[PDB]
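Notes for the one structure printed next.
Sequence positions, counted from 1, serve as the residue numbers for this chain. Any value given below was found using the heavy atoms of this structure, including those in side chains, with hydrogens, waters and symmetry copies removed.
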Amino acid sequence: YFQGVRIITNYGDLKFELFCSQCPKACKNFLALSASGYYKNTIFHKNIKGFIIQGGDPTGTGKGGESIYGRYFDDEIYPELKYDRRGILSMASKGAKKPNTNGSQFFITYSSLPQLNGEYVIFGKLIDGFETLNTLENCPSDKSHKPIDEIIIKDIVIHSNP
């Protein structure tokens, strides 16, 4: 089952395993947006050391993005999927506060974050590119947590092992 994707950035590649069985709606959205080029030449607009790095807004402001299903789609949230390691991949939203408000924006965690458990859809985990994530974490941000130099997602591709 579970597929891999590679997020190709201007600082190197991040490889994620996606949780296909558990979170098919979140995974299909991410795959279909990725395939249609929706994430090409976009930025991570928020980067907070020891917390999260967030991108996936074609607008780059943190206000935009929509799903393949419409503006929003429903949560796939489970006790078995937790923020229990560095490199978890999730959908941004306004907290499960305003449930079922996933769009296109996503974030990657820099550590275990039990306060986020149940709050956001987790749908993958980093399996390779840990060195890339270290580099990203150390990229300076301004006071609004915006990278000073742009962190760019060139593309997100479905990875096939040779």
Side-chain angles (χ1 to χ4, degrees), residues 2-11 13-48 51-84 87-110 113-126 129 133 136 139 141-147 150-159:
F2 294 177
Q3 290 183 64
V5 295
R6 189 158 46 86
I7 301 188
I8 303 162
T9 82
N10 60 338
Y11 292 90
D13 293 1
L14 299 164
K15 197 204 281 197
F16 290 90
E17 171 192 312
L18 298 187
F19 303 143
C20 304
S21 305
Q22 291 150 289
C23 305
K25 304 184 183 183
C27 292
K28 170 103 270 220
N29 179 67
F30 188 74
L31 293 179
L33 299 178
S34 294
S36 78
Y38 193 85
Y39 293 125
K40 300 190 80 173
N41 210 24
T42 59
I43 67 164
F44 284 105
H45 63 272
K46 169 164 90 187
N47 190 193
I48 305 169
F51 189 48
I52 72 167
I53 188 175
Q54 181 166 331
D57 180 353
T59 264
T61 64
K63 312 263 83 146
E66 294 198 342
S67 83
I68 69 171
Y69 312 108
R71 187 183 177 183
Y72 294 131
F73 68 96
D74 296 345
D75 299 319
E76 293 160 308
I77 287 168
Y78 311 106
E80 322 95 69
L81 293 180
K82 285 199 162 79
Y83 294 99
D84 62 8
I88 295 294
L89 178 65
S90 309
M91 299 300 289
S93 60
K94 228 339 91 228
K97 214 106 288 195
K98 323 289 262 161
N100 310 306
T101 48
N102 308 295
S104 70
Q105 276 180 63
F106 61 89
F107 64 93
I108 299 153
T109 64
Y110 286 125
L113 292 162
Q115 340 86 249
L116 304 188
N117 287 333
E119 297 294 345
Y120 303 97
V121 179
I122 293 170
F123 71 96
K125 70 176 182 190
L126 193 67
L133 191 63
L136 263 19
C139 290
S141 303
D142 69 11
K143 290 267 153 41
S144 289
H145 315 289
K146 206 182 186 74
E150 284 184 329
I151 305 178
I152 298 160
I153 291 167
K154 296 178 169 174
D155 206 354
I156 306 191
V157 303
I158 292 29
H159 180 89

Considering all heavy atoms of both residues, which atom of [X] and which atom of [Y] are nearest to each other, and what is their separation?
| X | Y | answer |
| --- | --- | --- |
| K94 | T101 | N-OG1, 3.4 Å |
| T109 | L133 | O-CD2, 3.9 Å |
| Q3 | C20 | N-SG, 3.4 Å |
| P58 | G65 | CD-CA, 3.8 Å |
| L33 | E66 | CD1-O, 3.9 Å |
| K40 | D155 | CG-OD1, 3.4 Å |

Can you tell me if [atom1] on [X] sees more than 12 non-hydrogen neighbours from other groups inside 6.0 Å?
| X | atom1 | result |
| --- | --- | --- |
| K25 | NZ | no |
| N100 | CG | yes |
| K28 | NZ | no |

message: Ring centroids only, cut at 6.0 angstrom: are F106 and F123 within range, meaning strictly under it?
response: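 Centroid separation for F106 and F123: 6.0 Å or greater.
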
task: Would you please indicate yes or no on a ring centroid separation below 6.0 angstrom for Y83 and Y120?
output: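 Centroid separation for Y120 and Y83: 6.0 Å or greater.
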
Which value, rounded to the nearest 0.5 Å, describes the distance between [X] atom [atom1] and [Y] atom [atom2]?
| X | Y | atom1 | atom2 | answer |
| --- | --- | --- | --- | --- |
| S36 | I68 | OG | CD1 | 9.0 Å |
| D75 | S93 | CG | OG | 6.0 Å |
| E150 | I43 | CD | CD1 | 5.0 Å |
| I156 | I158 | CD1 | CD1 | 8.5 Å |
| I53 | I108 | CD1 | CD1 | 6.0 Å |
| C27 | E76 | SG | CD | 7.5 Å |

Evaluation steps, side-chain contact (heavy atoms from CB on, under 4.5 Å), between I122 and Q22: CA-CA 10 Å; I122 293 170; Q22 291 150 289; over 6 Å; no

message: Exactly one of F16, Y38, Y39 should register a ring pair (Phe, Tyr, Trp, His ring centres under 6.0 Å) with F30. Which one does?
response: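 In the set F16, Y38, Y39, the residue that makes a ring pair (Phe, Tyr, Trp, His ring centres under 6.0 Å) with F30 is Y39.
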
- prompt: Hey, mind stepping through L14 and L89 against side-chain contact (heavy atoms from CB on, under 4.5 Å) and telling me if it holds?
  reply: CA-CA 11 Å; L14 299 164; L89 178 65; over 6 Å; no

Do side-chain atoms of [X] reach the backbone of [Y] as a donor and acceptor pair under 3.5 angstrom?
| X | Y | answer |
| --- | --- | --- |
| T59 | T61 | no |
| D57 | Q105 | no |
| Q54 | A92 | no |
| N29 | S67 | no |

- request: May I have the step-by-step check of side-chain contact (heavy atoms from CB on, under 4.5 Å) for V5 and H159, ending in yes or no?
  value: CA-CA 5 Å; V5 295; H159 180 89; 6.0 Å; no

Is the shortest heavy-atom distance from the side chain of [X] to the side chain of [Y] under 4.5 Å?
| X | Y | answer |
| --- | --- | --- |
| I88 | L113 | no |
| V121 | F73 | no |
| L31 | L18 | yes |
| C23 | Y78 | yes |

message: Before you tell me yes or no, could you show the steps for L136 and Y110 under side-chain contact (heavy atoms from CB on, under 4.5 Å), namely the whole-Å CA-CA distance, both residues' side-chain angles and the distance that decides it to 0.1 Å?
response: CA-CA 10 Å; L136 263 19; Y110 286 125; 3.8 Å; yes

